[PDB]
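Every read-out reported here was derived from the displayed coordinates using simple, explicitly stated rules and does not represent laboratory data. We place every Cβ from the backbone using ideal geometry, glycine too, and count neighbours over all the protein chains shown.
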Amino acid sequence: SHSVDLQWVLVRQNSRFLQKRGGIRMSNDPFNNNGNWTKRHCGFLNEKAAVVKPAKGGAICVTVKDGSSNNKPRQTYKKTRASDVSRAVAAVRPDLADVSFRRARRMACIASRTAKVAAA
Amino acid sequence: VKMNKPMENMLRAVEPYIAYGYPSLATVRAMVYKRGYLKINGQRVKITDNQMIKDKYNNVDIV
Amino acid sequence: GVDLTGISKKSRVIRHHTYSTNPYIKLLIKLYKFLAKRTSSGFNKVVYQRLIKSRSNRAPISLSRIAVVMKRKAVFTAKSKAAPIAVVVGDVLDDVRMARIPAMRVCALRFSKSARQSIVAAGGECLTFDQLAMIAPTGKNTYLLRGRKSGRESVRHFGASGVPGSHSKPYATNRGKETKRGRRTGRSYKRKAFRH
Amino acid sequence: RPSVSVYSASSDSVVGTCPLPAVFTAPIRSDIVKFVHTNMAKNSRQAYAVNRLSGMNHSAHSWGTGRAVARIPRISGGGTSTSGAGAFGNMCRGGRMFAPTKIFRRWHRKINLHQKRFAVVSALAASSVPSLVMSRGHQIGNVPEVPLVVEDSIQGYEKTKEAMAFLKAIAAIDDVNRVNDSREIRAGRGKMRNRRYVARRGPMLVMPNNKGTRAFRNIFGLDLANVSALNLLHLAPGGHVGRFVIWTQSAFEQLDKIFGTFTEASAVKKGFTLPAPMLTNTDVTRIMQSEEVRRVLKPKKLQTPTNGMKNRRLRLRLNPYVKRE
Amino acid sequence: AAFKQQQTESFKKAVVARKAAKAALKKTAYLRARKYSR
Amino acid sequence: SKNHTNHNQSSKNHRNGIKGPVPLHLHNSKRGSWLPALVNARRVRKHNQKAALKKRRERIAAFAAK
Amino acid sequence: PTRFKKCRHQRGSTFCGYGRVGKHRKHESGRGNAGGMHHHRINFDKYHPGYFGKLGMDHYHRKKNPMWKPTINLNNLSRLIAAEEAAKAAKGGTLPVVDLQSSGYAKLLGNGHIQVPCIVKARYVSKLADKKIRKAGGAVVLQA
Amino acid sequence: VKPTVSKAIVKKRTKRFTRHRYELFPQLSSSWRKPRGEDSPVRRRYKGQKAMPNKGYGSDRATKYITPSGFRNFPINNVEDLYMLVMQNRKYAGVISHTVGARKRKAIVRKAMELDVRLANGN
RNA sequence: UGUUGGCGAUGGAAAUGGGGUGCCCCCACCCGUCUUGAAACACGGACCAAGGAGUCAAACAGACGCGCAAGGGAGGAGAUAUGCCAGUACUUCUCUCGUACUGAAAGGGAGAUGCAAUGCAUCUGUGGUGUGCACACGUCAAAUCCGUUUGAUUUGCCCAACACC
RNA sequence: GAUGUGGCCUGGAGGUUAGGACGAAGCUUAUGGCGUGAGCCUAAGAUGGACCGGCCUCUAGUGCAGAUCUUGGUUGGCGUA
Ligand SMILES: [K+]
Ligand SMILES: [K+]
Ligand SMILES: [Mg+2]
Ligand SMILES: [Mg+2]
Ligand SMILES: [Mg+2]
Ligand SMILES: [Mg+2]
Ligand SMILES: [Mg+2]
Ligand SMILES: [Mg+2]
Ligand SMILES: [Mg+2]
Ligand SMILES: [Mg+2]
Ligand code: NA
Ligand code: NA
Ligand code: NA
Ligand code: NA
Ligand code: NA
Ligand code: NA
Ligand code: NA
C-alpha cells in the first residue's frame, strides 16, 4: 500500500542510517554495497535486495532479500568466483551486478592481505 | 546597414560616435570567415561548417 | 563595458518548484514532470505548470458548473462518441442548488465527501491523477477546467474606495461608521460612481 | 484484505489469525504529524518571569551636563562604593533588563480536532511499515512480524520475572537492551534542574484497559498504553513516525470500532471516517515504466580550428572551391 | 532485446543518411561558389 | 526653504517608460452621449439578442435531427 | 520564533533599515488617529470616505432578540430535508414538511428555482416565494 | 592504498582576508568583517588597500576539498565507522576524532591497517 | 605523447607546499559620524576583560504552509480512563463568522426560456456579444533515423479572465 | 533600501547516533589542513582534572570597536611636580 517512492520521500532527510559528517553523506546501512545515500542502494527499504559480506576463512557470503517475506523481519534475509557472485546477485537485482562484482573482488583482496599480515 | 534614406538620416545623427564607409569583397569575406557568429537559440555560436548555416536560415537561397 | 540599460526590467518572476509540504503532491509532480518532458502533448505541460502553483491560485470548482459546461459541449457532439473526462487541478465542491446531474467521470486533487457521494449516486466515477495517467497518457478526450477567482472578498477590497469610479469595499469592522461625508451629497460631496 | 498472525506468549507458535484494520492502510502525512507535534508539545509548559520591581529599587537621577560624565541616572547619597554609579538601564550593572519578561506570553496552543485525529491516524499507519521503524531507530531484526500481535493471557502475570521471560520470548529484549545501555547523565545545565538522566525510547505495549500492568510497571525501557486514549507524543517521539508497538489481541480487534473505516464511521469519534488518499497507487515508477506510457513516449534520436582564413582545413571545409582559384 | 535492436538498426540507418547529406551539400556549395566568382 | 526644479523628472518618467494609450475599441462606453440615439440603440440591441437565441436553437435542432 | 525575524538578518548593519538621513524617532506624525483633518487628510479622504459626520435617527435601548429574523432561499431549501424524504418526495402526493423556526430561520425568500416541492412552515414569506412554491406544487403555512 | 589521480590544484589565493586595522588594536580579532564606513578606503576600493572576498576567488570544483595527499577527509569515531569507508578506498581517508582515547585508538589503527583504509592522523 | 640527464640507496635524507623574521624595487593621507562636500585647523577616540540596544500582548490586512468546505470553528464547562497526569483521549446544548442585500426610517427582498402585456406554460441548465488554455475535426509548411515531431492556421465547444450590454 | 541561502555561530527542549580517568569542559600557539567568507577540523601542551560531540526538529534574555556607554583591573606621563 505504501510504496518505495513514498518511503524514500519520507526518510530522505533524516534517518538513523544517514551519516552526515563534514559535508559528506554516507550510509550506515548493513544492506548497502556502496555507502552512498541513494534510493538505489538503500537496501533496507527496497522490496528486493542483495548484499555481499565476508564470511569465515576465505568464504564469501551473499545475503538475499527475495521480496516475498517482507513484513516478517526474522525471515526477510536468507543467506547463500566474482562472476558467480555477480550472477547470484543479478537474479534478484540486475542493476546491482557491477557493484557486487567489485565488492567480491575487494573482499577477496582483503582476505588475502589479512592472511599476509597474520603470517607476518 | 543598407545605405538608403531612412538609414542615412539615422547615421547622420550619431556621427561623433562611429566611423563608416563602403566595404569591399575582401573585407566582407574576411569578416564572415574570421569573425562570424550566428544566433542559434539565443546563443552566440561560431560558424564552423555549412550545415549550421543551412539549418539556421532554412532558405534554399542561403545554404 | 556594454550598454545594457533597463535589462533587468525584462526578467520575469516564475515559480519553478513547489512550496508544498505534501509527499503525495511531490509524487504527482515527479510523475507529471517526466510526462511533460518526454511527451509532445500540451495537456501534460499545462497540468505540470498548474501542479506547481500555490493554493490561492488553484481555486475550487463546483459540481453545477461542471455539469453545465459538459452539457454545452455535449449538445454539438456526435451521438456515437464518448463523453470526455473532466479534469481540474484543485478541489471539487458540492452544490445544493442543483439536485440532479448526469453521469460524468471527473478527476481532481480532492473531493468533498458530499461531492463524491453525489457523483457516485448519479452514476459516475471519481478518478485520481495516477489513474488518469494510465487511462489517457497524453490527455486525449479530456476537458481541462478552472475554478472561479473573482468574487473573493480580498479582490472586492482591492483598490481605493474614495476615488471617482471606484466600487471597492473599505477595511472597516463597524458597518455603520463610514457613511456621511464623502458618501452623501448632503454632506460636503459624494464621490462619483462613474468615470470615463 | 491481508491477515495478521497472533503469537503465543510462551513459545514460537502462532495461535490465531486476524484481519488487518483499515487504519493501517490510511495515508501517511509526516508534515501533519510534525505540525501537530510542534504545537501539542507546548501545552505542558509553565510560566517564568522576573519580578516587576527588579533593577529599579533606587532613587537614581541624572547629573545633567556641565559635569564631565555621561548622562545616565546615578545612585544617590554617599559613604558606600555604590554612590554615583549608573542605574536604570540595560547597559548598567545592577540595572533593569531590556523588555522584562511577563507571564501573559502565549504558552499554549490550539489545534483543530480533525487535524489531531489525522495525525494520530498517520502515525499509526506508519508504525506498521518495518522499514520506517528501522529508520526511526528500533532494533527489530529478530521480531516475528509487524504489526506484532500477542495473546491476551499476559494480563494475568503477577511477577516481573514472568514479564521479562515473555519479552525475551517475543524478542523485544534487543530494543529493551538498547534503552538500558543508553542511560547516562545529561550534558549542560539541564542536570541542575531535575533533568539529570537521559535514555532512548523503547517498545510500547498496548492493552485493552488499565488492568494487568503490575508486572510490567517496573521494567526499565518499556512503556504502557491504553487503546482508548492513544497519545501522539508517544506514537511519534521527537516528531518522527515509526514507533515499535506490541499489540494485545483485544486492543487489535478494538481498533476498527475506535477509528472507523474508509466508508463506515467511527462509533467513538462521532462522524469521523478515515481520510481518502490522493493517489490510488503510490508507485509512480511502475507507471513511468509501464507499456501504456512507453507506447506514447517520444522516440530517442541519435546525437577545433577557428581562423577560417590561414587555416587551410577550415577554409576548404567552408569553401570547397578554393582549390580552383 | 527488441527495443535495443530497433534502436541500433535506426542509428545505423541514420549515419549513412548524414554522410549522404554532407556529400550533397559539398557539391551544392562548390557550384554556387563557381557561379558567384564568374 | 521653497525651491522648485524639473531636473530629474523626465528621467524618472522614462524609467518605466511613458505607457501608450489604451486601444480605442476598449472601454468604449456610451454614457453621457446623446440620449435620443442612445435609446434607439438599446432597442436594437435587445432585438439582436433575441435573434441570437433563436439562431442557436435552430442550429441545435438541425444538428440533432441530421 | 525569534530566529526568523528581520532583526537577526540585520546584525552588523548599524541602522536596521531606517536610514542615516531620516533616523528612527519616537512619534514623527503624532499618536494614534491624530491629524485626520489636517496633515493626514489625503489618507483619510481617499481610503476612508465617510469617517466624519452624523446621519439618521437614534435608538436609545437597542435589543437584538426582538429583531432576530434570518432568511433562507427556495433553491437552498434542500438543506433542511433528509435524503430519504427527498427521494420519496414527488408533486401531487405526500410531501415533506419543513419547520423553519425549529431549523433556525424566520423568513423565506424567493431566489432561484425550487429543487423539490414541499410544505414550509415560516413566520414570514415574500410574494415571489409564495407564488413560486404554489406553482411548484408545495405550500407555505404561517406559524408563530 | 593510492588515491585516484586528478588535475593539479591551483589555489587562486593563499593569503587570508583579515579585518581592517586589526594590527593596531589587541582586542580586534583577525576574522573578516565587511567594512561599512561611508569614508572607508577599503570599501571604496582604493589602489593600495587590502581586498574583500568575492565569488571570483572561488576554487575549481574538480579539486575542491582535496587535501595535499590526494584524499578527502571523513571523520570517524570508532571501529565500525571504517566499514562504511572500506568500499570508497581511493576517495576518502578517515580522521580520528580528537577525544577518542588511546585504548580505542589502538584498535582503530589496527583495524584500518588490516582493511587497507588510509588514516589522516593515524598514530 | 613518449625521450635524455640531475637529485633521491631509508636518512639528523631529498623535494614540494605552508608558517616566521629581516631586506630590496614599486604602491599607499586616520578611523567612526553628520554633511552638496572630511586627510581636515569639524565632533567622539590611553589599554584589556565581562555586560550592552526592534521585545512581549492585543485589533486588522496581504503573501505563503495545512485541515474541512455552503459550511467552518470555538470558548467556558462537564464526563470517565483518572484515582504518571497543569498532558492526552471523549462530549449534548449553545454561541460566533459565512451562505443576501438595501433604506434615515416605517419596511421590503434577487433563475432561465417561450407566449402574452402577485399573467400563463415548461425546467439536463452557460442571459447575450467581442477577445480568449486544453481537447476534437480538417489543411498546409519545415525537418526526418520515415516511425513521427516542430510549427502554423480553419471550424466546434469554449474553462479562467477582461471589455460592452 | 529590499530579498534569498540543505549559509556560519551561542544558551536550552523532543528524538537519534556516539565519546570520556589509556583523561571531559576550559585555556595556550612560527600546529597545519579545508572553505570566496562567517568558520570548521586535526596536532602539541614538559596545561587541566569530570563531563560532553555530530545530525533532524523545537525554542530564546542568541553574535560588539567606538554610545562625554556601565563595573572591575591596568597604563605612559614619572622616580617627575
Ligand atoms: K526643499
Ligand atoms: K585559504
Ligand atoms: Mg458572490
Ligand atoms: Mg514504578
Ligand atoms: Mg441633525
Ligand atoms: Mg567613515
Ligand atoms: Mg456578503
Ligand atoms: Mg538563557
Ligand atoms: Mg605570535
Ligand atoms: Mg541582549
Ligand atoms: Na539585577
Ligand atoms: Na522619517
Ligand atoms: Na531632512
Ligand atoms: Na561620502
Ligand atoms: Na547617527
Ligand atoms: Na572621515
Ligand atoms: Na568586549
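Table: residues versus (1) surrounded by 14 or more Cβ atoms within 10 Å (Cβ to Cβ); (2) out of contact with any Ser or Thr (no Cβ under 6 Å at 6 or more places or on another chain).
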| position | (1), (2) |
| --- | --- |
| D:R200 | yes, no |
| D:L205 | yes, yes |
| D:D223 | yes, yes |
| D:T263 | no, yes |
| D:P275 | yes, yes |
| D:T280 | no, no |
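Grab the helices (runs of 4 or more DSSP H) fully contained in chain B, keeping just those with 2 or more residues being charged (D, E, K, R) and within 14 Å of another protein chain (Cβ to nearest Cβ). If you could, list the steps in order and put the result at the bottom.
Details: elements: B:5-11, B:25-35, B:50-57.
In chain B, the matching helices (runs of 4 or more DSSP H) lie at B:25-35, B:50-57.
Please state which one of A:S83, A:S68, A:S112, A:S27 is surrounded by fewer than 16 Cβ atoms within 10 Å (Cβ to Cβ), within 28 Å of D:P27 (Cβ to Cβ) and more than 10 Å from chain D (Cβ to nearest Cβ). Spell out how you get there, then give the answer.
Values: A:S83 fails: within 28 Å of D:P27 (Cβ to Cβ); A:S112 fails: within 28 Å of D:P27 (Cβ to Cβ); A:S27 fails: surrounded by fewer than 16 Cβ atoms within 10 Å (Cβ to Cβ).
After applying the criteria, what remains is A:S68.
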When (1) within 16 Å of ligand 15 (Cβ to nearest atom); (2) under 35 Å from the mean Cα position of the chain (by Cα) are applied to G:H40, the one that fails is (1)
Among the residues of segment B:1-52, the number that are touching a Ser or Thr at 6+ places or on another chain (Cβ under 9 Å) and either of a type in the set (S, T, Y) or surrounded by fewer than 12 Cβ atoms within 10 Å (Cβ to Cβ) (or both) is 1
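What about F:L24, is it over 30 Å from C:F76 (Cβ atoms), away from ligand 15 (no atom under 16 Å from the Cβ), surrounded by 10 or more Cβ atoms within 10 Å (Cβ to Cβ) and among the hydrophobic types (A, V, I, L, M, F, W, C)? Can you show your working first?
Details: over 30 Å from C:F76 (Cβ atoms): yes; away from ligand 15 (no atom under 16 Å from the Cβ): yes; surrounded by 10 or more Cβ atoms within 10 Å (Cβ to Cβ): no; among the hydrophobic types (A, V, I, L, M, F, W, C): yes.
No.
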Of the residues F:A62, F:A41, which single one is away from ligand 1 (no atom under 16 Å from the Cβ) and surrounded by 10 or more Cβ atoms within 10 Å (Cβ to Cβ)?
F:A41
Filtering segment E:13-38 down to residues that are exposed (fewer than 13 other Cβ atoms within 10 Å of the Cβ), closer than 14 Å to B:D61 by Cβ and within 8 Å of another protein chain (Cβ to nearest Cβ) yields none
Report yes if some residue within segment D:40-54 is closer than 30 Å to D:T248 by Cβ and touching a helix residue (DSSP H, G or I) at 6+ places or on another chain (Cβ under 8 Å); otherwise report no.
yes
Restricted to segment F:12-49, and to residues that are within 11 Å of chain C (Cβ to nearest Cβ) and not in a loop (DSSP other than H, G, I, E, B), which residue is nearest to C:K9 (Cα to Cα)?
F:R15
Only residues that are over 30 Å from D:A87 (Cα atoms), of a type in the set (K, R) and surrounded by fewer than 17 Cβ atoms within 10 Å (Cβ to Cβ): list them for segment D:1-55, please.
D:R1, D:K42, D:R45
Condition first: more than 8 Å from RNA strand I (Cβ to nearest atom) and of a type in the set (S, T, N, Q). Now tell me which residues in segment G:10-25 satisfy that.
G:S13
Identify all residues within segment G:59-113 that are among the hydroxyl-bearing types (S, T, Y) and closer than 16 Å to C:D95 by Cα; write none if there are none.
G:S78
Would you check if D:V143 is in a loop (DSSP other than H, G, I, E, B) and in contact with a helix residue (DSSP H, G or I) (Cβ under 6 Å, 6 or more places away or on another chain)?
yes
For segment D:165-184, check the following and say yes or no: at least one residue is away from chain A (no Cβ under 14 Å), under 19 Å from the mean Cα position of the chain (by Cα) and either within 16 Å of RNA strand I (Cβ to nearest atom) or surrounded by fewer than 15 Cβ atoms within 10 Å (Cβ to Cβ) (or both).
no
Identity of the residue in segment D:20-35, in contact with a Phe, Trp or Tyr (Cβ under 8 Å, 6 or more places away or on another chain) and of a type in the set (V, I, T), that ends up nearest to the other protein chains (Cβ to nearest Cβ):
D:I32
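So which of H:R110, H:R19, H:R43 ends up being out of contact with any helix residue (DSSP H, G or I) (no Cβ under 6 Å at 6 or more places or on another chain), away from chain A (no Cβ under 14 Å) and in a helix (DSSP H, G or I)?
Unique residue meeting the criteria: H:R43.
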Tell me yes or no: at least one residue of segment H:69-84 is closer than 25 Å to H:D116 by Cα, in a helix (DSSP H, G or I) and small (G, A, S).
no
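Residues in segment G:22-30: is at least one within 14 Å of chain C (Cβ to nearest Cβ), within 26 Å of C:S168 (Cβ to Cβ) and away from ligand 6 (no atom under 16 Å from the Cβ)? Even if it seems obvious, please write down each step before you answer.
Quick first cut of segment G:22-30, residues within 14 Å of chain C (Cβ to nearest Cβ) only: none.
Within segment G:22-30, not a single residue is within 14 Å of chain C (Cβ to nearest Cβ), within 26 Å of C:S168 (Cβ to Cβ) and away from ligand 6 (no atom under 16 Å from the Cβ).
Out of all the residues in segment C:86-98, which are acidic (D, E) and either in a loop (DSSP other than H, G, I, E, B) or more than 14 Å from every other protein chain (Cβ to nearest Cβ) (or both)?
Of everything in segment C:86-98, those that are acidic (D, E) and either in a loop (DSSP other than H, G, I, E, B) or more than 14 Å from every other protein chain (Cβ to nearest Cβ) (or both) turn out to be C:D94, C:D95.
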Out of (1) over 30 Å from C:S8 (Cα atoms); (2) loosely packed, with under 10 Cβ neighbours inside 10 Å, the one F:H7 does not meet is (1)
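Being loosely packed, with under 13 Cβ neighbours inside 10 Å and within 16 Å of RNA strand I (Cβ to nearest atom) is the filter; apply it to segment H:68-95 and report the residue that is nearest to the chain's Cα centre (by Cα). Before you say what the answer is, go through the steps one by one.
Keep residues of segment H:68-95 that are loosely packed, with under 13 Cβ neighbours inside 10 Å, which gives H:68-69, H:80.
Checking the rest, the ones that are also within 16 Å of RNA strand I (Cβ to nearest atom) come to H:68-69.
Details: H:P68: 10, H:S69: 12 Å.
Of everything passing the filter in segment H:68-95, H:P68 is nearest to the chain's Cα centre (by Cα).
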What number goes with the only condition from (1) over 21 Å from C:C107 (Cβ atoms); (2) within 60 Å of the chain's Cα centre (by Cα); (3) more than 7 Å from every other protein chain (Cβ to nearest Cβ) that D:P275 does not pass?
(1)
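One line per residue, one yes/no per condition, for (1) surrounded by 18 or more Cβ atoms within 10 Å (Cβ to Cβ); (2) more than 14 Å from chain G (Cβ to nearest Cβ):
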position: C:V68; (1), (2): no, no
position: C:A74; (1), (2): no, yes
position: C:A78; (1), (2): no, yes
position: C:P84; (1), (2): yes, yes
position: C:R100; (1), (2): no, no
position: C:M104; (1), (2): yes, yes
position: C:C107; (1), (2): yes, yes
position: C:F111; (1), (2): yes, yes
position: C:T128; (1), (2): yes, yes
With (1) within 30 Å of H:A93 (Cβ to Cβ); (2) assigned to a helix (DSSP H, G or I) as the list, and A:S83 as the residue in question, which single condition is left unmet?
(1)
Per the filter on segment C:37-66, residues surrounded by 12 or more Cβ atoms within 10 Å (Cβ to Cβ), part of a loop (DSSP other than H, G, I, E, B) and within 14 Å of chain D (Cβ to nearest Cβ) are C:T39, C:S41, C:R58
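So that you can scan it fast, the table gives a plain yes or no per residue for (1) farther than 18 Å from A:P73 by Cα; (2) in contact with a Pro (Cβ under 8 Å, 6 or more places away or on another chain); (3) among the charged types (D, E, K, R):
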site	(1), (2), (3)
D:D174	no, no, yes
D:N177	yes, no, no
D:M192	yes, no, no
D:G202	no, no, no
Which residues, taken from segment H:38-53, are within 11 Å of RNA strand J (Cβ to nearest atom) and under 31 Å from the mean Cα position of the chain (by Cα)?
H:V42, H:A51, H:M52, H:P53
